[PDB]
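Below: target-v8.cif (mmCIF, C-alpha atoms (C1' of nucleotides))
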data_model
loop_
_atom_site.label_atom_id
_atom_site.label_comp_id
_atom_site.auth_asym_id
_atom_site.auth_seq_id
_atom_site.Cartn_x
_atom_site.Cartn_y
_atom_site.Cartn_z
CA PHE N 392 8.94 1.37 17.97
CA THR N 393 6.74 -1.46 16.67
CA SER N 394 7.85 -4.48 14.67
CA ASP N 395 4.83 -4.24 12.38
CA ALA N 396 5.81 -0.68 11.42
CA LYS N 397 8.52 1.74 12.51
CA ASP N 398 9.10 5.47 12.05
CA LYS N 399 12.85 5.75 12.66
CA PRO N 400 12.78 5.39 16.47
CA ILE N 401 16.33 6.72 16.87
CA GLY N 402 15.46 9.81 14.84
CA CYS N 403 13.10 11.43 17.34
CA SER N 404 12.71 11.51 21.12
CA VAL N 405 9.03 11.02 22.01
CA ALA N 406 8.53 7.28 21.59
CA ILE N 407 5.67 4.79 21.90
CA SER N 408 6.48 1.08 22.18
CA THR N 409 5.35 -2.14 23.86
CA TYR N 410 6.34 -4.25 26.85
CA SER N 411 6.68 -7.36 24.70
CA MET N 412 9.21 -5.72 22.37
CA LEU N 413 11.25 -3.98 25.08
CA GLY N 414 11.37 -7.04 27.34
CA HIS N 415 11.74 -9.55 24.51
CA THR N 416 14.00 -12.31 25.82
CA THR N 417 14.81 -14.32 22.68
CA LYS N 418 17.03 -13.35 19.74
CA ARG N 419 16.65 -9.72 18.67
CA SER N 420 16.64 -8.62 15.04
CA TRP N 421 19.45 -6.33 13.90
CA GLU N 422 17.37 -3.15 13.59
CA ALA N 423 15.49 -3.86 16.81
CA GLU N 424 18.84 -4.52 18.51
CA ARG N 425 20.18 -1.15 17.38
CA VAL N 426 17.00 0.59 18.58
CA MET N 427 17.13 -1.24 21.92
CA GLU N 428 20.78 -0.29 22.43
CA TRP N 429 19.94 3.35 21.68
CA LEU N 430 17.04 3.25 24.15
CA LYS N 431 19.23 1.69 26.85
CA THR N 432 22.00 4.24 26.30
CA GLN N 433 19.69 7.24 26.41
CA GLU N 434 18.03 8.57 29.57
CA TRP N 435 14.29 9.29 29.59
CA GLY N 436 12.70 12.17 31.46
CA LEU N 437 9.33 10.42 31.64
CA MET N 438 8.39 6.74 31.32
CA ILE N 439 4.63 6.39 30.90
CA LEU N 440 3.30 2.85 31.39
CA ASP N 441 -0.33 2.17 30.52
CA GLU N 442 -2.19 -0.78 32.06
CA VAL N 443 0.26 -1.05 34.95
CA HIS N 444 -1.67 -4.03 36.34
CA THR N 445 0.40 -6.27 34.03
CA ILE N 446 3.76 -4.78 35.07
CA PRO N 447 4.56 -7.22 37.94
CA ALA N 448 4.73 -10.00 35.34
CA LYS N 449 8.25 -11.32 34.85
CA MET N 450 9.01 -10.10 31.33
CA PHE N 451 7.00 -6.89 31.67
CA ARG N 452 8.74 -5.94 34.93
CA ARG N 453 12.14 -6.67 33.39
CA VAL N 454 11.49 -3.65 31.14
CA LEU N 455 11.67 -1.33 34.15
CA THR N 456 15.31 -2.26 34.74
CA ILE N 457 16.01 -2.56 31.00
CA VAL N 458 15.12 1.11 30.41
CA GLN N 459 16.31 4.11 32.43
CA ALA N 460 13.90 6.85 33.48
CA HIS N 461 13.79 9.54 36.16
CA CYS N 462 10.05 9.22 36.83
CA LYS N 463 7.98 6.28 35.57
CA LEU N 464 4.34 7.36 35.63
CA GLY N 465 1.72 4.63 35.55
CA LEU N 466 -1.81 4.86 34.18
CA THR N 467 -4.60 2.28 34.26
CA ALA N 468 -8.30 1.79 35.01
CA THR N 469 -8.43 -1.66 36.70
CA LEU N 470 -5.66 -1.86 39.31
CA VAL N 471 -6.71 -5.21 40.76
CA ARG N 472 -5.47 -8.78 40.50
CA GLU N 473 -5.66 -12.06 42.40
CA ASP N 474 -1.98 -12.86 42.98
CA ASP N 475 -0.55 -10.54 45.63
CA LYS N 476 1.74 -8.80 43.15
CA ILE N 477 -0.18 -5.50 43.04
CA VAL N 478 1.61 -4.48 46.24
CA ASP N 479 4.86 -4.82 44.30
CA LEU N 480 3.73 -1.93 42.09
CA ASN N 481 4.21 0.48 45.02
CA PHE N 482 7.98 0.04 44.72
CA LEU N 483 8.15 -0.95 41.04
CA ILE N 484 6.74 2.47 40.06
CA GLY N 485 5.64 4.31 43.19
CA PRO N 486 2.76 4.95 45.57
CA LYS N 487 -0.75 5.13 44.05
CA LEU N 488 -1.24 8.94 43.76
CA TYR N 489 -4.97 8.86 42.78
CA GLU N 490 -7.97 6.58 41.92
CA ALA N 491 -10.91 8.15 40.07
CA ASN N 492 -14.39 7.75 41.56
CA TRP N 493 -16.42 6.00 38.87
CA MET N 494 -19.76 6.86 40.48
CA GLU N 495 -18.81 10.54 40.82
CA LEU N 496 -17.72 10.61 37.17
CA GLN N 497 -21.05 9.03 36.21
CA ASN N 498 -22.91 11.72 38.15
CA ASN N 499 -20.82 14.47 36.56
CA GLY N 500 -21.48 12.99 33.11
CA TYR N 501 -17.83 12.48 32.15
CA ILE N 502 -18.62 8.75 31.81
CA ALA N 503 -21.75 7.24 30.29
CA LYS N 504 -24.06 5.64 32.84
CA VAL N 505 -24.21 1.86 32.42
CA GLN N 506 -27.15 -0.40 33.31
CA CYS N 507 -25.07 -3.40 34.34
CA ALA N 508 -27.02 -6.63 33.96
CA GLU N 509 -26.48 -10.38 34.22
CA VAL N 510 -28.85 -12.44 32.06
CA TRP N 511 -29.39 -15.90 33.56
CA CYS N 512 -29.96 -18.51 30.86
CA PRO N 513 -31.35 -21.88 32.01
CA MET N 514 -29.17 -24.66 30.64
CA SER N 515 -30.81 -27.05 28.21
CA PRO N 516 -31.53 -30.52 29.66
CA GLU N 517 -29.27 -32.60 27.41
CA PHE N 518 -26.40 -30.10 27.55
CA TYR N 519 -26.58 -30.14 31.34
CA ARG N 520 -26.63 -33.95 31.23
CA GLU N 521 -23.31 -34.20 29.37
CA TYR N 522 -21.85 -31.26 31.31
CA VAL N 523 -22.48 -32.90 34.68
CA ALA N 524 -21.70 -36.42 33.42
CA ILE N 525 -18.21 -35.51 32.17
CA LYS N 526 -15.68 -34.61 34.86
CA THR N 527 -13.28 -33.27 32.21
CA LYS N 528 -13.11 -29.58 31.23
CA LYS N 529 -15.00 -29.72 27.95
CA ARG N 530 -17.57 -27.78 29.99
CA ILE N 531 -15.80 -24.55 29.02
CA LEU N 532 -16.79 -25.17 25.39
CA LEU N 533 -20.12 -26.76 26.41
CA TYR N 534 -21.83 -24.28 28.74
CA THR N 535 -20.46 -21.39 26.68
CA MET N 536 -22.49 -22.89 23.79
CA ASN N 537 -26.02 -23.82 24.85
CA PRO N 538 -29.31 -23.23 23.00
CA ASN N 539 -30.80 -21.02 25.72
CA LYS N 540 -27.86 -18.55 25.73
CA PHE N 541 -27.08 -18.90 21.99
CA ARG N 542 -30.72 -17.90 21.34
CA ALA N 543 -30.29 -15.19 24.04
CA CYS N 544 -27.25 -13.48 22.50
CA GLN N 545 -28.79 -13.66 19.02
CA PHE N 546 -32.07 -12.18 20.27
CA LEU N 547 -30.31 -9.49 22.31
CA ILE N 548 -28.14 -8.50 19.34
CA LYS N 549 -31.22 -8.36 17.11
CA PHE N 550 -33.09 -6.20 19.63
CA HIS N 551 -30.18 -3.76 19.93
CA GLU N 552 -29.52 -3.77 16.17
CA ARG N 553 -33.09 -2.67 15.51
CA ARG N 554 -32.57 -0.11 18.31
CA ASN N 555 -29.43 1.29 16.62
CA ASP N 556 -27.18 0.40 19.57
CA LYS N 557 -23.52 -0.42 18.96
CA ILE N 558 -22.58 -3.93 20.14
CA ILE N 559 -19.19 -5.24 21.26
CA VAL N 560 -19.47 -8.98 21.87
CA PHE N 561 -16.87 -10.60 24.11
CA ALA N 562 -15.78 -14.22 24.52
CA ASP N 563 -12.61 -15.74 25.96
CA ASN N 564 -12.82 -18.98 23.95
CA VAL N 565 -11.65 -18.25 20.41
CA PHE N 566 -13.33 -21.46 19.23
CA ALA N 567 -16.72 -20.39 20.59
CA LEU N 568 -16.18 -16.85 19.30
CA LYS N 569 -15.49 -18.14 15.79
CA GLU N 570 -18.48 -20.48 15.85
CA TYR N 571 -20.84 -17.73 16.98
CA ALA N 572 -19.36 -15.27 14.48
CA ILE N 573 -19.69 -17.62 11.51
CA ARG N 574 -23.24 -18.57 12.51
CA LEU N 575 -24.17 -14.87 12.78
CA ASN N 576 -21.94 -13.80 9.82
CA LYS N 577 -20.28 -11.08 11.91
CA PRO N 578 -16.64 -9.79 11.84
CA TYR N 579 -14.92 -11.52 14.76
CA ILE N 580 -11.48 -10.25 15.78
CA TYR N 581 -9.07 -12.54 17.67
CA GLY N 582 -5.69 -14.31 17.73
CA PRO N 583 -3.66 -13.62 14.56
CA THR N 584 -6.31 -11.20 13.08
CA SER N 585 -3.97 -9.26 10.76
CA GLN N 586 -3.50 -5.65 11.84
CA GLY N 587 -4.83 -4.32 8.54
"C1'" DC O 1 1.90 -40.56 63.80
"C1'" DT O 2 -1.81 -38.70 61.53
"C1'" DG O 3 -4.71 -35.18 59.74
"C1'" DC O 4 -5.44 -30.78 57.64
"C1'" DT O 5 -3.72 -27.04 55.05
"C1'" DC O 6 -0.60 -23.34 52.48
"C1'" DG O 7 1.00 -21.13 48.76
"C1'" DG O 8 5.26 -23.18 46.20
"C1'" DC O 9 5.45 -25.81 41.77
"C1'" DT O 10 3.32 -27.46 37.29
"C1'" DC O 11 -0.72 -27.43 33.34
"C1'" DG O 12 -3.24 -26.47 28.09
"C1'" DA O 13 -5.47 -22.89 26.00
"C1'" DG O 14 -5.99 -17.84 25.22
"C1'" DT O 15 -3.49 -13.77 24.29
"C1'" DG O 16 0.54 -10.55 23.60
"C1'" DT O 17 4.54 -11.14 20.85
"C1'" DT O 18 8.45 -11.90 17.65
"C1'" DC O 19 12.59 -14.30 13.85
"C1'" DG O 20 12.47 -17.37 9.93
"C1'" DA O 21 10.55 -19.53 5.81
"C1'" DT O 22 7.59 -19.73 1.54
"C1'" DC O 23 4.77 -17.46 -1.96
"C1'" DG O 24 4.08 -13.15 -4.49
"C1'" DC O 25 4.66 -8.60 -6.98
"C1'" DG O 26 7.59 -4.56 -8.84
"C1'" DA O 27 11.52 -2.57 -11.15
"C1'" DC O 28 14.81 -2.72 -14.66
"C1'" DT O 29 17.37 -3.96 -18.96
"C1'" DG O 30 18.79 -6.12 -23.43
"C1'" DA O 31 18.00 -6.68 -28.29
"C1'" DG O 32 14.92 -6.22 -31.81
"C1'" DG O 33 11.25 -4.09 -34.04
"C1'" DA O 34 8.50 -0.25 -35.14
"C1'" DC O 35 7.12 4.52 -35.76
"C1'" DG O 36 7.80 9.49 -35.82
"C1'" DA O 37 10.25 13.73 -36.68
"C1'" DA O 38 13.66 16.43 -39.13
"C1'" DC O 39 16.41 17.82 -43.07
"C1'" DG O 40 17.70 17.62 -47.99
"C1'" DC O 41 16.66 17.90 -52.81
"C1'" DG O 42 13.89 18.89 -56.44
"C1'" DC O 43 9.78 21.16 -58.47
"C1'" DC O 44 6.35 24.43 -59.72
"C1'" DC O 45 4.76 29.01 -59.19
"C1'" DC O 46 5.18 33.78 -59.14
"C1'" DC O 47 7.34 37.96 -60.11
"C1'" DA O 48 9.88 41.18 -62.66
"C1'" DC O 49 12.10 43.36 -67.08
"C1'" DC O 50 12.72 43.29 -71.93
"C1'" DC O 51 11.78 42.29 -76.71
"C1'" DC O 52 8.81 42.27 -80.48
"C1'" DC O 53 4.73 43.52 -82.91
"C1'" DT O 54 2.92 47.64 -87.39
"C1'" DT O 55 3.76 51.57 -91.03
"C1'" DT O 56 6.06 54.49 -93.72
"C1'" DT O 57 9.76 55.53 -98.17
"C1'" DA O 58 14.33 54.50 -100.25
"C1'" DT O 59 18.02 50.80 -101.24
"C1'" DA O 60 20.72 46.36 -102.69
"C1'" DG O 61 21.68 41.55 -102.22
"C1'" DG O 62 19.98 37.14 -101.00
"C1'" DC O 63 16.44 33.70 -100.78
"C1'" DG O 64 12.27 31.37 -101.79
"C1'" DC O 65 8.26 30.05 -104.29
"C1'" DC O 66 5.57 29.96 -108.17
"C1'" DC O 67 5.11 30.16 -112.84
"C1'" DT O 68 6.60 29.65 -117.45
"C1'" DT O 69 9.23 27.38 -120.80
#
Could you rewrite the structure in this file as structure tokens?
Amino acid sequence: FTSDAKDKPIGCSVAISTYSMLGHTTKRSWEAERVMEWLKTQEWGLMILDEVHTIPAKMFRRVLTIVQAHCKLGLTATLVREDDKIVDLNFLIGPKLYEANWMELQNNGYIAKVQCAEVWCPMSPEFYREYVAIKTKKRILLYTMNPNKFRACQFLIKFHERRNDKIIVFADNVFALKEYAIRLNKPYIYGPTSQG
DNA sequence: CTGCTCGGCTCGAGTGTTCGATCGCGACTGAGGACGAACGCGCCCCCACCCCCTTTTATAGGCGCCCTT
């Protein structure tokens, strides 16, 4: 039940959809409206919700009441957030039945052991000068882009590329991500990035 | 009354989204033109049977050509 592509949602029972579509608050297309009415009318034996940590959000939580289900199972890997809305999950879905032990899984080999590291990059003198001088929040784009760390990520990626290690670079700022990706001629994914 | 503080508001940018536009193809059809296939008519070829060929003696009339007058 996805806007990008659909497979006759009313035709079959087992369905996979998204919080955004089910809890969509604005005008609904005709076909999506028919599908939504069918979903509301029918009763679901199981309601699986992945990444439950986002459920207590307004629109996402509205889906719980929008759809009817006997048991709504919740699955996730990071059940933590700052706002004290995680406690709301206990009643929104139910009590937390289990939490896997990451260290025990690492010992058992079910999960690859990770050598977690934090590379400290000294900020370049000029960049620090403007960063400290300006009280605005251009610092997000500034300290994210400094010669010491730009050289660092490039060098780290080169070292792992010659080591045949698969790299997944991450960056919150789409602007910085695009700049780094164009400078390193790499395939950045972000924002609109067509599904195809 | 003043000072400090708490978790209620708001923020732009980053995402997840979506309904609406533009651009695009494809698909289809009309008339006209063009080409191919099929059938009709005529032709040559092939296959049969039948006639005619010579040689003989008699005949009489007709016909033709050559020779003589």
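Residues of chain O having any atom within 9 Å of chain N, counting all atoms listed in the file, are residues 13, 14, 15, 16, 17, 18 and 19 of chain O.
Shortest separation to residue 542 of chain N among N:557, N:433, N:528, N:571 occurs at residue N:571, atoms counted being all atoms listed in the file.
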TODO: Quote the spacing between atom CA of residue 562 of chain N and atom CA of residue 490 of chain N in Å to one decimal place.
DONE: 28.2 Å
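Going from atom CA of residue 447 of chain N to atom CA of residue 477 of chain N covers 7.2 Å.
Here atom CA of residue 429 of chain N stands at a distance of 10.9 Å from atom CA of residue 404 of chain N.
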- [ ] Would you mind listing what lies within 8 Å of residue 457 of chain N as an MDAnalysis selection string, with all atoms listed in the file counted and same-chain residues fewer than 4 positions away left out?
- [x] chainID N and resid 413:414 431 453
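The environment of residue 464 of chain N within 7 Å, counting all atoms listed in the file and disregarding residues fewer than 3 places along the same chain, consists of residues 438, 439 and 440 of chain N.
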With all atoms of segment 13-24 of chain O from the file as input, state the centre and edge lengths in Å to one decimal of the axis-aligned box that has 8 Å extra on each side, as lines of an AutoDock Vina configuration file.
center_x = 3.3
center_y = -16.7
center_z = 10.8
size_x = 34.6
size_y = 28.3
size_z = 46.5
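Of the listed residues (N:455, N:483, N:426, N:543), N:543 comes nearest to residue 511 of chain N; the distances count all atoms listed in the file.
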- [ ] Determine the residue set returned by the PyMOL selection byres ((chain N and resi 539) around 12) for the present structure, and present it as a ChimeraX atom specification.
- [x] /N:510-519,534-538,540-546
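Closest approach to residue 472 of chain N from the set N:401, N:446, N:427, N:573 is made by N:446, with distances taken over all atoms listed in the file.
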